[PDB]
Structure formats: structure tokens, C-alpha cells
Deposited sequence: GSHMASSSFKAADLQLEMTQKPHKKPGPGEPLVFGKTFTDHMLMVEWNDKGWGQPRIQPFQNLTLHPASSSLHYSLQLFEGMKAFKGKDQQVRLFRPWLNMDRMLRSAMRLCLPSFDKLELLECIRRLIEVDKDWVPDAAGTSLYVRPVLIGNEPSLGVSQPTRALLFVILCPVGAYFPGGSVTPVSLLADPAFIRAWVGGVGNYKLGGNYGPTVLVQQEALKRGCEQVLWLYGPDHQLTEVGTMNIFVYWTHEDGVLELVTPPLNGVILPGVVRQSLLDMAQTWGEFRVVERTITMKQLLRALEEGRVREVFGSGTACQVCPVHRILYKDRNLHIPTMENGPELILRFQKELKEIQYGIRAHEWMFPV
């Protein structure tokens, strides 16, 4: 049985830190959530001051990557009300990751209430300047003090919080360049690339360095012999184009196992479907199709989606030592700006919406 928010233990900090007057992910708030699991089940969850973890040096979290995480944002409106964006989807994803790594199950609504309580305690850390937010990082790790590759009998679930600045200076989207080299493979069918596991990230650090060495800003992850476009950096990928059949559409790759099911990705699909102005589809996208569409002037916008900046335009792709210009900005970018605006209105509470979870 899960830990219960009703059993939450609180210890306030005696070392409150001054708030920022901000690189992503290096500044943390005063408190954290911690819950321990062992052979007698889950202990009581606690909100405690931000502090170090103490781990046995054989901890399976460090030897065999028994580790998963989530990432979601909370936003503060004019009324100083803080709200989480579709957090139930992050909890669903987190539980699926836990099962994949044989880590203990928990109740999604109990964890979400514990997170709400934590954010409520640190509510003053949530910035309210334009484009700013609080990044919420839940983690679940195995913690067996054994070198056996096995299901752990101990685990730790914790949550830390970061205030974050605006991703774009002045809120105005700026496009990125991408390296598209089939040598680099993020994930495989039947693998674990569709789960938010730590193991999926470490190996990309060197690849991103190669991208920079080749004059590109992010990696376009290609898959298969037909060079399917799967993801971009740590974001999902979308293409807005007139398709080979003459119909204007928004396409993103389907959830076939090599795609992480992004919350923003799902939200873009939901939003575009609701408008009912153009075709919205989940279909494989190949470099062959993109090359043709570009030569025929059919591509309007290409962009990544994710919690980091909601949506980010792409203007260049380096493929087979050839630079492809992507005319996203020439096309407004109308759709990107529309999605950005609707998300901003929902996230900051300008428009009421069931997607927002009040703290």
C-alpha cells in the first residue's frame, strides 16, 4: 500500500536561502519531499529541508541505473495563485517507469497531493515574471546495498524544485539548428526510450557535444533504415506542412516505442484537434518526405515540444553534410505563436482550464 499524504511529516528549514534577484537546474528551493520504501513498505512521506542523500556505496541506483525521473512546471498567475500543468499525466508516466524498472508502485493521487503540499510550502519561490516558472523534479531510485542485478528491496522517492527563468529573451521564439546523422541512435523498438529513465540521457551527452562541434545546436534523432525523424534534443518533434496528398496537416511521430509520450506533445495534439481547422495526425515522418516537401515548398513549420520552452522552432538541419533550410520563421511562425499564446493563457490562468491543477 502507498504512502499517504494524510501521514505527511513536516520539518521547516532553519536555513532559508534568499530567492534569486539563472541557468536552468542549478538553483533549488528550501524544501524537498522524501519517502523511503523497504520490506515493511512505504514509510511516511516527509517534507524536509533541502539536504543531501546518504547512500550505501553499493546502492543499485549508482551501479545498475535503477533510477527514473519526471519533469513538470508550475506557474504563478497575476493573482499569485500557483498551478501545475496537467500533473496527472506526469504521475501516470512516472508509475509506468517505476514498473519498468521493478521499483515500487505508489498511488498517483497521493504523490500529487504530497507534491502540492511541498510546492505550497515553497510557494514564494515560484517566480511570476513573464515566461518564468517552477520546475518540479520527482525522482525514484533503487537503493539495495547489493551488487546483485536484482529487484531492489529498498527505494527512495524524492522531489526537488527549481525556479526557472524565461527560456526565450523577451518571450520571442528563436530557432535552432539540428544535426541529423543516422549514426546516433537514442532508442530502439522494444527498448526503454519511451520511459523517462536516467539511462536514456547519459549517453546523449557526447552526441550533443558532436552536434556542437559540427556547428549545430541540437540533435535530430533519426531511426530506422528510412531515417525516421523521432525526437529533437530532449523534445518531441512536430511538422506543419501541406502533405503529399495536398492537405494541410500537423504531424508528429506515433508512440511506437522510440518516442517519449510528452505532456506538451499530447496537449498540442489536443489543442489542434479542438480547433478543427486542419488535419492532426500521428504518423512516421521520414527524411525522404521532408526533403521532398522542402523542395516543393510545402513545409511551413518544424518545431520541438517539451516542458523546457513549450515549443521551439527549427530553421536548419544538417543532413548528409548538406544544410537544409527550414522556413519556419518565414511562416510566422504562425502555428508556433498560436500554441505559445494559448498555452501561456492556460498556464498563467488568463483562461480557466481543467488542465491546470491548483496548488
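Of the deposited sequence, positions 1-6, 28-31 lack any modelled C-alpha atom.
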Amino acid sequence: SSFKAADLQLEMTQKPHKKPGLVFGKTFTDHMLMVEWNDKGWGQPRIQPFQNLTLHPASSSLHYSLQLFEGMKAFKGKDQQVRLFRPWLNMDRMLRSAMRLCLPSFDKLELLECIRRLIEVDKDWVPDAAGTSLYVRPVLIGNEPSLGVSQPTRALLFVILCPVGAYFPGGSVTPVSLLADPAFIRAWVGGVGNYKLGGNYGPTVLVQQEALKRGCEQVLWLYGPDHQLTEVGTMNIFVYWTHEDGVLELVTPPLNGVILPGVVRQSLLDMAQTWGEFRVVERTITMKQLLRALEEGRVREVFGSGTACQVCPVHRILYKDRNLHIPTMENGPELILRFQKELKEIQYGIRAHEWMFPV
From here on, numbers count along this sequence of modelled residues.
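Compared with other deposited structures of the same protein, residue 85 does not meet the criterion of being unmodelled in at least one third, since all of those that resolve residues on both sides include it. Of the other structures of this protein that model both sides of residue 171, every one gives it coordinates; not a third omit it. Just going by the entry, 79-87 versus 259-267 on mean CA temperature factor gives the higher value to 79-87. Mean CA temperature factor is higher for 168-176 when stretches 168-176 and 235-243 are set side by side in the entry. Ranking 129, 74, 197, 139 by the C-alpha B-factor listed in the PDB entry places 129 at the top. The maximum CA B-factor among the listed residues 63, 316, 300, 320, taken from the PDB record, is found at 320. Residue 351 sits in the middle third of its chain by CA B factor, as recorded in the PDB entry. Among all modelled residues in this chain, the alpha-carbon of residue 158 has a temperature factor (C-alpha) in the lowest third. In the PDB entry, residue 109 places in the highest third of its chain by CA B-factor. Compared with the other modelled residues of the chain, the Cα B-factor recorded for residue 116 ranks in the middle third. Ranked against the other modelled residues of its chain, the C-alpha B-factor of residue 123 as given in the entry falls in the highest third.
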